């Protein structure tokens, strides 16, 4: 088993015969942003998506399965969206 | 050089099991995986499953959960596939392949690379001579010999002790799901030659010392 | 976008560069500079032990994605509204250099007392058109 | 919405069907097709044991309802803005069939050189009005 | 990805538990990937894993940017309470040498 | 019955560009990468195209991968004799939680295409007296060597007790193959007719036997 000891605080163990007393001990600080991936890590990507793996940022937003993602990412959207480049449809006359 | 070497060819009675071995070379085994794919004789490829060389994690094809087990041994950089309860459908060549993925959920985001030469597994036959049946003729006419249920290959067919050669075709054997072979032989003959001329197929199956001269004659009603 | 001339001189056609230059890309850059926080697994989680906490994590993720999506959709909708409604200014620029020598038809057209050929029209497209040449009241 | 005629012929009144037909319901359907996720009790919760987790659940619920409400309010506000600002097009359609036989008053009115009775007005409402009949310049 | 690469034929749990011959620089990252949802040992002495939370220890370490085994010892085992102790070792746990 | 659909045969004269299609669905080709493998007889398949468009080292630019929606395609340009092989497409399928393979297309590049001769044998009187029955369908003189066989009891399909051989290069570099339909005399007697239909290059040649006729 392991037991975490806060920043500064001591800890306690009680035991009878057969104890494994701790010797070397983990020392940790800072924090890393963890995602659920599967090695090996191949190449570079802008983005790491938990569902899609490596990703490069193309358009500002994306449609699809949403999950945790780190890096420069497109934003998830409910529906594929279009910005209008043109005019309203006009029947000829 | 990336190498995969498998165990020798196997032959088993239905209901027993096989363990096939796959030894790895030329890459860091503990940062890759193994998939297994099998190929029924003259058929397509069927994925069986994968196992991590890093963690021993496995994922098997839905049709083979229960019956299959994969394990691996870092020391000998070797992977093993065990298939239980063998039926005749399990007769196939078993390939192992280096799979790039070694941890995380196995979801086909990676792929498998190099394939091993292949190990054949045959699931009971015990040398039997064939049964030979005539294929009666219906101006060309076709008449034949059916050579049923023998093992192992090959049988030999001649017609009229070799004196009939024009028009003879002997077809390659088919291997039933029973482990036994059958073939056929047809002569195309003049249709007026029926009724006056005799036709005999000569079947020789050396492994069982079987020798059969079968008269093929027109049918009456 | 541009202007057209009719008459017994044939049919002249010209284009306006400032309108075209003004014409969407900037709008797109504005949409594309949106930035949002990451949403990764929380670090004390532990799949086996604390599932409930974890379920709530999932909840907060989903809720985020939804809200932010709605916001974006809005930004786009507004933007498109602008792009389409803006499509009438050229009319006002043309009216500028005439004088009351032409009447507003409302069709986006005017009726000039003189005739206008291609060379005459390129000068209106360039904005250099002022007619004392065809001598009519000047603005 | 419609058009009115004045003069010594009395006061004529007519209606425009395309304006009325165009006139809000579609807008409402658009508002009504909005869909949002459910917000129920989470399943590993346990009232007695994990209250703190639970308090946070409550928090996420409340926060959701608030945000989504704001969004909706916005959609409505925009929609109403459109409906009220749109209320001036009929003017432009009327101007279309005259010729410069009438002057723009800006009052939403014109002064025609001829007189217009009820039968004359129904023909403008139907959009079938073109006057060479009262012979004046045609668009 | 891996707690320490270059600790070959070692899993992250192995590195975490301090299994002989798995020791090395565990470098630092601002991003980590969690590859093993139920991590495993690759050897040493038989553990009854499932009777404690021990399995997640690597994924826990992973969460931090900076990790490091310590130096020395948080306690002298031989002088511990309960009478002087010899310290036990077992094959299945070989060291730089062997044994 | 393969999840991915590959034509059994593709062909072209040397130098020409031939294509091999591979037809799937949303769960596989639609959402996943496609892979292509090439197999010469009695050898391991070899990776030819990976991640839909890539070439492993060794694979000439003659081979080209394509993908659109739930269908992928392999293009072989400048066709050469050494490209005679079997080509398999593979993708992961999220619905079946495993890899899936197409049926495999045989690529034939040196002879005019020839339709198969088909001859169908009813069981012999001799065999029926031994309480057995076999229908023998012999297929010969077709090129290139790829056929599919289907059987009919009267006019409804039969899949049980069917054994078809892989085709075999024969006496004149054309191809031949055989197929058998094992029956009980009971079954054989209960139908008006039986059929062996051989599909070759999108063209079917059929042969029929009737228990009652001689």
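Labels for the chains are A, B, C, D, E and F, by order of writing; each one numbers its residues from 1.
As a convention for this text, contacts are C-beta pairs under 8 Å (C-beta built on N, C-alpha and C of every residue); 3 or more make two chains touch, one makes a residue touch a chain.
Any chain that touches chain A and also touches chain C is listed here: E. When every chain is reduced to the mean of its CA atoms, the largest separation from chain C belongs to B. Of all chains, the one whose Cα centroid sits at the greatest distance from that of chain E is D. Inter-chain spacing, taken between the CA centroids of chain A and chain E, is 25 Å. For the pair chain A and chain D, the distance between C-alpha centroids works out to 46 Å. Averaged C-alpha coordinates put the centre of chain B at 17 Å from the centre of chain F. Rounded to whole angstrom, the centroid-to-centroid distance between chain C and chain F, based on C-alpha atoms, equals 58 Å. Residues of chain B found to touch two or more other chains are 54, 102-105, 107, 109. In chain E, the residues that reach two or more other chains under the touch definition are 1, 33-35, 37, 53, 59-60, 63-64. Residues of chain D found to touch two or more other chains are absent.
Pairs of chains meeting the touch criterion are A-B, A-C, A-E, B-E, B-F, C-D, C-E.
Partner chain C is touched in their complex by these residues of chain A: 31-36, 60-61, 66-71, 73, 75-79, 81-85, 87-88.
On the chain D side of its complex with chain C, the touching residues are 36-37, 42-46, 50, 53, 56-57, 60, 63-64, 67-68, 71, 74-75, 78, 92, 95-96, 100, 104, 139.
Partner chain E is touched in their complex by these residues of chain A: 1-2, 4, 15, 17, 19, 21-41, 48, 70. Chain contact summary for the complex, chain A toward chain B: residues 36-40, 42, 53.
By the touch criterion stated above, chain E contacts chain B in their complex at residues 1, 8-9, 11, 33, 35-37, 39-40, 42.
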